[PDB]
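Participant: The structure under discussion is supplied below as structure tokens; questions concerning it will follow.
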Amino acid sequence: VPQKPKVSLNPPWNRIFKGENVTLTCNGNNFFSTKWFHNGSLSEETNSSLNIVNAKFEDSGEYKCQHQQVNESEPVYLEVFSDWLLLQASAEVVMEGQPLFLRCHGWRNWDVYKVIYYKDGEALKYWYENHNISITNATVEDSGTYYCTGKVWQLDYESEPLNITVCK
Ligand SMILES: *[C@@H]1O[C@H](CO)[C@@H](O[C@@H]2O[C@H](CO)[C@@H](O[C@@H]3O[C@H](CO[C@H]4O[C@H](CO)[C@@H](O)[C@H](O)[C@@H]4O)[C@@H](O)[C@H](O[C@H]4O[C@H](CO)[C@@H](O)[C@H](O)[C@@H]4O)[C@@H]3O)[C@H](O)[C@H]2NC(C)=O)[C@H](O)[C@H]1NC(C)=O
Ligand SMILES: *[C@@H]1O[C@H](CO[C@@H]2O[C@@H](C)[C@@H](O)[C@@H](O)[C@@H]2O)[C@@H](O[C@@H]2O[C@H](CO)[C@@H](O)[C@H](O)[C@H]2NC(C)=O)[C@H](O)[C@H]1NC(C)=O
Ligand SMILES: *[C@@H]1O[C@H](CO)[C@@H](O[C@@H]2O[C@H](CO)[C@@H](O)[C@H](O)[C@H]2NC(C)=O)[C@H](O)[C@H]1NC(C)=O
Ligand SMILES: *[C@@H]1O[C@H](CO)[C@@H](O[C@@H]2O[C@H](CO)[C@@H](O)[C@H](O)[C@H]2NC(C)=O)[C@H](O)[C@H]1NC(C)=O
């Protein structure tokens, strides 16, 4: 009885804007029939990878993938947004000691400057930043709510806060 399958998204963002694409893939079970469940309803998709093109809020929700008589995977919650700024996260629940990366993602990959992430109101400093993202080794301290800010065109926006937990 091979252990249970696992879903991975490419990109890793489980929070995406309306109109973006994301691919879901069911994990490695053997070297060597797929069944996708969207919000718990068997999908007409049977291939190993589920492609979500031009995301629609309707695509938000839970997802599971299962091989025949091998118990289903752990649920993955996707969520489509519509806003100027969106704080994307590698994962919302991180196992202490693992990597945590964030991303102040602008709509249509718009140029955002003066970016600044914050953990519980306070700015986070010294994360490995790169216009693309910021990373850090997970700590039980890193737990808390996040949200970034940045200037677009000439204005300063702020994203919807986000709740991240580092299970010690
Ligand atoms: C699987 O199950 C999940 C639940 O976990 C469902 O997810 C919900 O899906 C609905 C849409 O079906 C989402 O609600 C929609 O929100 C839109 C925008 O949200 C508001 O907030 C943002 C952020 O502040 C604003 O940008 C935005 O303007 C809104 O203020 C609404 O626009 C939608 O209704 C309106 O727009 C649509 C399309 O334009 C019109 O058709 C409507 O008439 C109306 O004018 C809608 O309310 C909800 O947020 C989702 N929940 C979560 C947590 O993501 C999945 O949809 C479901 N999928 C299936 C197939 O079962
Ligand atoms: C991420 O951090 C963990 C734990 O780091 C500890 O706390 C830091 C502040 C610093 O004081 C470190 O020296 C501490 O060890 C790293 O540790 C690994 O943790 C796993 C279990 O959690 C353990 O089995 C490994 O043996 C640990 N390895 C080491 C070198 O201690 C973890 O490796 C770090 N990951 C990266 C790449 O940063
Ligand atoms: C999401 O992926 C789709 C393809 O799956 C992209 O849509 C293509 O867009 C080009 C022009 O931009 C068209 O010529 C193609 O016909 C489209 N493909 C399909 C299958 O319709 C889309 O651009 C991607 N969106 C993002 C945000 O990258
Ligand atoms: C994000 O995390 C914060 C803090 O961990 C949560 O807010 C706290 O909620 C408790 C009650 O559950 C309040 O007594 C505290 O005052 C709140 N703290 C702050 C700083 O506001 C919040 O619930 C989490 N967000 C979500 C959606 O779970």
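Easy rule for this one: first residue shown is 1, then count along the chain.
A Cβ is built for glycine as well, from the same backbone N, Cα and C atoms used for every other residue.
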Participant: Among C26, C104, find the residue that Swiss-Prot gives as the disulfide bond partner of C65.
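Facilitator: Checking Swiss-Prot: disulfide partner of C65 resolves to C26.
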Participant: According to the record in Swiss-Prot, which candidate from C104, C167 pairs with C148 in a disulphide?
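Facilitator: It is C104, per the disulfide annotation in Swiss-Prot.
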Participant: Got a sec? Which of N21, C26, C65, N132, the recorded positions, have CB under 6 Å of any ligand 3 atom?
Facilitator: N21
Participant: Near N47 (N-linked glycosylation site), which residues of its chain come within a Cβ-Cβ distance under 8 Å, counting only those 6 or more away in sequence?
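Facilitator: Spatial neighbours, sequence-distant, of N47 (N-linked glycosylation site): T34.
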Participant: Across the 3 residues that the deposited model omits, what is the distance in Å between the Cα of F32 and that of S33?
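Facilitator: Roughly 12 Å, rounded to a whole number, separates the two Cα atoms.
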